[PDB]
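S.K.:
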Amino acid sequence: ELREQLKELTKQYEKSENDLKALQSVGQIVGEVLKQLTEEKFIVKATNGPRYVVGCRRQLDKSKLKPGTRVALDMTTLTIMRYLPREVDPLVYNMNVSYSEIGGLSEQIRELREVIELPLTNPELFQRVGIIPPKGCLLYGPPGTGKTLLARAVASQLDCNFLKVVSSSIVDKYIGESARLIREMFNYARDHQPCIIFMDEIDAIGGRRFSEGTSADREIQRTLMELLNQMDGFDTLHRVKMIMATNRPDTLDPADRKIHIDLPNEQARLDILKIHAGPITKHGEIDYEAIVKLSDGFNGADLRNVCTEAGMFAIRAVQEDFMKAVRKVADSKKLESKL
Amino acid sequence: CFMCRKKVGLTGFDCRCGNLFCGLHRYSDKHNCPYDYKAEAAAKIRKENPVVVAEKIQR
Amino acid sequence: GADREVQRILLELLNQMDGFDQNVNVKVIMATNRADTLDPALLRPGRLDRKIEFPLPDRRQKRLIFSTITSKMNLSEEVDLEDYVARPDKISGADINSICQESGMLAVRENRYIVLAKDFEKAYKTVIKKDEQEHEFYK
Amino acid sequence: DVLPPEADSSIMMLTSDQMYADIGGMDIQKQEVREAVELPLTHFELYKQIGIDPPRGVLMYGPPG
Amino acid sequence: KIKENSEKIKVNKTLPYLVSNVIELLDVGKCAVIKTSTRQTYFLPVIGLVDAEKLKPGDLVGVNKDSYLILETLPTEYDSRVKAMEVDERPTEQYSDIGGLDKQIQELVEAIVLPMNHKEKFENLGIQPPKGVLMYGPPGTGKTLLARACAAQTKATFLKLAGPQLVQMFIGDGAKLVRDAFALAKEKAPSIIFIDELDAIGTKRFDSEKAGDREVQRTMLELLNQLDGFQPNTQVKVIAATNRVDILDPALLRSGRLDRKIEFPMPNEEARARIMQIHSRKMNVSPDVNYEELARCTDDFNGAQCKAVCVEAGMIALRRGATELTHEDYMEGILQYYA
Ligand SMILES: Nc1ncnc2c1ncn2[C@@H]1O[C@H](COP(=O)(O)OP(=O)(O)OP(=O)(O)O)[C@@H](O)[C@H]1O
Ligand SMILES: Nc1ncnc2c1ncn2[C@@H]1O[C@H](COP(=O)(O)OP(=O)(O)OP(=O)(O)O)[C@@H](O)[C@H]1O
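So, in structure tokens, the structure goes:
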């Protein structure tokens, strides 16, 4: 076992030596330069708060770094060691799948696609130069029409960067930073030009321009105002696309491309129930005619309820029981009666 | 799986006699559940009972 | 509370834009859209601020805005903008731009090469109006 | 040392933007803003002569959109 | 000497490995962008004693306060005492002793346990288990009873509702409690979330009374997000409890969020008899009882009043040290002109 023992010892030696070498490299301080002061002098505001003036190691191509660029100054002398790209800390989070597996929503999916995905495609303007295609879309929707699943489908379809963000971004440290998080979002997008930002539940932050309401109202309206400023204004975009989904009471955000999403469905209700019947065949008659005849609401979870309870039935005793599926249809409709 | 109805329902309520009684016959009064409900009450209440010691004895 | 901080910065801004005296080459501009909910203290009517409106356009302004927005657009001989503007409505500039954009979006949907009066009319519908509930009894 | 005047976070490159001739109409606002902030910054003598001091601040207040 | 390397690595890794975030990762080999309690931002070209891949933007890791090298990582942390409140000493009761209520327990036990244990049936049927559950305790009768009895399964954890309204006046936050709660549920094995007194949250969402309202609406919307967003949320089971049945959020309502809204009705005569029997099981009752006729006397005695009456009867008999039921001093414990 000479060779094997030697190999294992050598692997241990390698890893141990690498770890020791690793242990002997202090970190830097991250800070963004502010001015090219002369040549070997720069004013850098270290993130911790103090602002310093320091010189840079030669092998840094001073042309590279510029007002706003981040750099890693050294512990002791604080000379600029290495410039770094932009920084975005709490957003790897913001960056399943579905492909038109929802049913219905034909005209509205066509509109959404032609507004948000097609323009980004190779047919960029093709004489369409006159449009400056829409940068934002809205999703009027009652509670479950198919908004979030639509978002899932478009996210899995387009295949570019996606940032699904929610009105639960509000934070407080004896001051406001919601606008700061918003500008972080927008900067991230602008750097990653091809991207789909998706505000959802814009009702909360959208609120209204209430005056003399309270410190909370002022802060919330300030957050809204950051959104407005970075949607419109000097932050004009070219290759990002925005999505919104909530009810009507949203301050004032006209221009774009608002789409109504209707809770009831004509025969794509039949569709949706077939997709939700995708689960294993019932061992016989597959016609949905029973539930087809009467149907209201928006959910397919009735399918899950019937299937589970009918499996329980069968264990007590397949599920060739659309006569039984009408049972859970009536169940969901009595839930409707409740509200 | 209690003798009346010979029930096997997954909902079957499993009692201190480990027996998924009939939905209508799940009660000790009904099935002579041989358990010491009162003795367990006495033990638990003795354990949990607060007693005021008047806080006068001291080292 | 933090109202202290915000008011503090407000008065600092007031004092500083006052420190910008006259005979100066620093000109301050600010937006507020709606105004009524603003501080006369901030306005400092004595100086530091002159006020200007920015309302919705008149009919001639609508004509000019349509002409400007549509000149870049590949229109057609069947455009009829001189009557589209003449139509009575409360359209704003953002609404005109949305009209043109959505008309182009349709045009593209049906693969048009030059926008048409039909696309402008459809955009008019899809972007303007939608307002009802002025029930005839309600009025 | 006393650093050069500048040494702070702000925007001076102008980031480019889009020369006028494209807003469309709005002649009144155009003239007012141009006078107040744009040329001719020379007419300060006319201001002081008339006794009307140089306006500063516009507030550009109007309906959104 | 690999061992010696290990021991000296250990000793130079003394102990007080000041903990720091892992805010960002990069590469040029990989690096780190850690951030520290003392607001600071250290780039580390050598991350340290970590694989540099299991890390992910957002994480807590020990660090040498001077070297700023990421030392042994620590399991994620949960704030607002969500972890502390999310404890349970296996509630002692083992049986489902409630009373006449049978259909409610049936559906709840099915929809909860059967997915947990006999998920084989669900997978064979190709059915995702039943959706989030609500449990109307309009009077509260049996509400906590069913909750606690359900707290007798093989093994799981139950996230109680306890002050999700713990939000600061200065805007507060969108239920960071909710964020951490759902994070903990997601990370741990199959888990359940008992939203007690859900009525404390939830509303039409349009009323514009004043502040605090809007905070409750952000918390509500955070709840909605946590189960309706771009997340399967497969390994979760929400069970809600409310008494103000009518006034609740139309979106929180159901159909992907709170389905199978079990209802607690007023116990009938039989149900009252069963509950009083259950509470009397341990009572030193003499061999003579009119349980059924006492249930008849109940006359809308729905809630815990039965338990309170059994206790009051115990005290009543204890006046004299007895073990028998008078059956009428029992009514007076229950609780001129014509007649
Ligand atoms: N049109 C639909 N077709 C198929 N499944 C749907 C549809 N609408 C909702 N669902 C089902 O409901 C869940 C997703 O709900 P949905 O995306 O409609 O919510 P939402 O409209 O964003 O809700 P809310 O408005 O209440 O926030 C998934 O179970 C999805 O299967
Ligand atoms: N059916 C029942 N079986 C056993 N105990 C019951 C029953 N109904 C009420 N109780 C008693 O009620 C108390 C528990 O409260 P319960 O679960 O009924 O909720 P509640 O406080 O009435 O709820 P809510 O917050 O809606 O008012 C315990 O004393 C329990 O003994």
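Protein chains in written order, with the working numbering: chain A, 1 to 339; chain B, 340 to 398; chain C, 399 to 537; chain D, 538 to 602; chain E, 603 to 941. A virtual CB, placed ideally from N, CA and C, is assigned to each residue, including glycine.
What residues are listed by DSSP as bridge partners for residue 361/A?
M.R.: The shown model of chain A, from 1 to 339, leaves out residue 361/A, and the question about it has no answer.
S.K.: Given a threshold of 16 other Cβ atoms within 10 Å of its Cβ, counted over all protein chains shown, does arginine 883/E qualify as buried or as exposed?
M.R.: The residue in question, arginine 883/E, is buried, as its Cβ has 16 or more Cβ neighbours within 10 Å.
S.K.: On the three-state DSSP scale, how would you describe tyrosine 932/E?
M.R.: helix
S.K.: Ordered along the chain, which non-local residues of its own chain (more than five positions away) have a Cβ less than 6 Å from that of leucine 504/C?
M.R.: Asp517 and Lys520
S.K.: Could you spell out where the beta strand (DSSP E) holding residue 423/A opens and where it closes?
M.R.: Residue 423/A falls outside the range modelled here, since chain A spans only 1 to 339, and no answer is possible.
S.K.: Please determine whether the Cβ atom of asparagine 870/E lies at a distance below 8 Å from any heavy atom of ligand 2.
M.R.: no
S.K.: Quick check on DSSP: helix, strand or coil for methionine 471/C?
M.R.: Coil at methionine 471/C, not helix or strand.
S.K.: Going along chain B in order, which residues have a C-beta closer than 8 Å to the C-beta of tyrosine 697/E?
M.R.: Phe352, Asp353, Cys354 and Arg355
S.K.: Name, please, each residue of chain C whose Cβ falls closer than 8 Å to the Cβ of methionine 597/D.
M.R.: Neighbours of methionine 597/D across chain C, judged by C-beta separation under 8 Å: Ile427, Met428, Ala429, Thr430, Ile450 and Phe452.
S.K.: Listed from N- to C-terminal order along the chain, which residues in the stretch 375-389 of chain B have their beta-carbon within a distance smaller than 7 Å of any beta-carbon of chain E?
M.R.: Closer than 7 Å at the C-beta level to chain E, one finds these residues of the stretch 375-389 of chain B: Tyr376, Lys377, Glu379 and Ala380.
S.K.: Within 8 Å: the Cβ of residue 1002/E and any heavy atom of ligand 1?
M.R.: Look at the range of chain E in this structure, 603 to 941, and you will see that residue 1002/E is not part of it.
S.K.: Would you give the residue range spanned by the beta strand (DSSP E) that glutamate 626/E belongs to?
M.R.: Careful: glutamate 626/E lies outside any beta strand (DSSP E) and carries neither H nor E.
S.K.: Going along the chain, which unbroken runs of the alpha helix (DSSP H) with 4 or more residues stay wholly within the stretch 233-284 of chain A?
M.R.: Listed in chain order, the complete alpha helix (DSSP H) runs (minimum 4 residues) inside the stretch 233-284 of chain A are 268-276.
S.K.: Mind checking the stretch 455-479 of chain C against chain A and listing, in chain order, the residues whose C-beta falls within less than 7 Å of any C-beta there?
M.R.: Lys470, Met471 and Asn472
S.K.: Terminal residues of the continuous alpha helix (DSSP H) containing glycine 311/A?
M.R.: 301-316
S.K.: For the stretch 563-576 of chain D, enumerate the residues whose C-beta is nearer than 8 Å to any C-beta of chain C, in chain order.
M.R.: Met563, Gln566, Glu569, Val570, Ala573 and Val574
S.K.: Return the residues of the stretch 181-204 of chain A that lie within a Cβ-Cβ distance of less than 9 Å from chain D, sorted by chain order.
M.R.: none
S.K.: Within this structure, are the beta carbons of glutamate 201/A and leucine 826/E separated by less than 9 Å?
M.R.: yes
S.K.: I'd like to confirm the pairing. Which residues does DSSP put opposite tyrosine 598/D in its beta bridges?
M.R.: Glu451/C
S.K.: Please work out which residues of its chain come closer than 6 Å, Cβ to Cβ, to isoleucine 243/A, disregarding the five sequence neighbours upstream and downstream, and give them in chain order.
M.R.: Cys137 and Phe198
S.K.: The beta strand (DSSP E) with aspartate 564/D in it runs from where to where?
M.R.: Note, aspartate 564/D: premise wrong, no beta strand (DSSP E); alpha helix (DSSP H) at 564-574.
S.K.: Would you list the residues sitting across from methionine 737/E in a DSSP beta bridge?
M.R.: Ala843/E and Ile864/E
S.K.: Are the beta-carbon atoms of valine 652/E and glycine 631/E separated by less than 9 Å?
M.R.: no
S.K.: Can you give me the C-alpha to C-alpha distance between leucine 576/D and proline 453/C, rounded to a whole angstrom?
M.R.: 24 Å
S.K.: List the residues of chain A that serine 546/D touches, going by C-beta distances under 8 Å, in chain order.
M.R.: Ordered by position in chain A, the residues that pass the 8 Å Cβ test against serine 546/D are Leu34 and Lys45.
S.K.: Here's a check: name, in chain order, each residue in its chain whose Cβ is nearer than 7 Å to the Cβ of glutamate 500/C, leaving out the five neighbours to either side.
M.R.: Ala521, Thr524 and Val525
S.K.: Does the distance from the CB of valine 426/C to the CB of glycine 599/D come in under 9 Å?
M.R.: No, they are not a contact pair.
S.K.: How many Å lie between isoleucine 841/E and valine 711/E at the Cα?
M.R.: 12 Å
S.K.: So if I threshold CB-CB distances at 7 Å, which residues from the stretch 239-261 of chain A count as touching chain D?
M.R.: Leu252 and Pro254
S.K.: Does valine 780/E come out as helix, strand or coil in the three-state DSSP assignment?
M.R.: In the structure shown, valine 780/E sits in a helix (DSSP, three-state: H, G or I).
S.K.: Taking any heavy atom of ligand 2 as the mark, which residues have a C-beta closer than 5 Å to it, listed down the chain?
M.R.: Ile700/E, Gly701/E, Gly739/E, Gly742/E, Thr743/E, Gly744/E, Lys745/E, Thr746/E, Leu747/E, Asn845/E, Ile877/E, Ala906/E and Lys909/E
S.K.: Pick out the complete alpha helix (DSSP H) segments inside the stretch 798-839 of chain E, 4 residues or longer, and give them in chain order.
M.R.: 815-830
S.K.: In chain D, what lies closer than 8 Å to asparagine 423/C by C-beta?
M.R.: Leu578
S.K.: Where does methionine 917/E sit, in a helix, a strand or coil, going by DSSP?
M.R.: In the structure shown, the three-state DSSP call for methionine 917/E is helix.
S.K.: Within 8 Å: the Cβ of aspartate 296/A and any heavy atom of ligand 1?
M.R.: no
S.K.: Would you check if the stretch 125-134 of chain A and the stretch 276-294 of chain A touch, i.e. whether three or more CB-CB distances between them fall below 8 Å?
M.R.: Taking 8 Å as the limit for Cβ pairs, the verdict is that the stretch 125-134 of chain A does not touch the stretch 276-294 of chain A.
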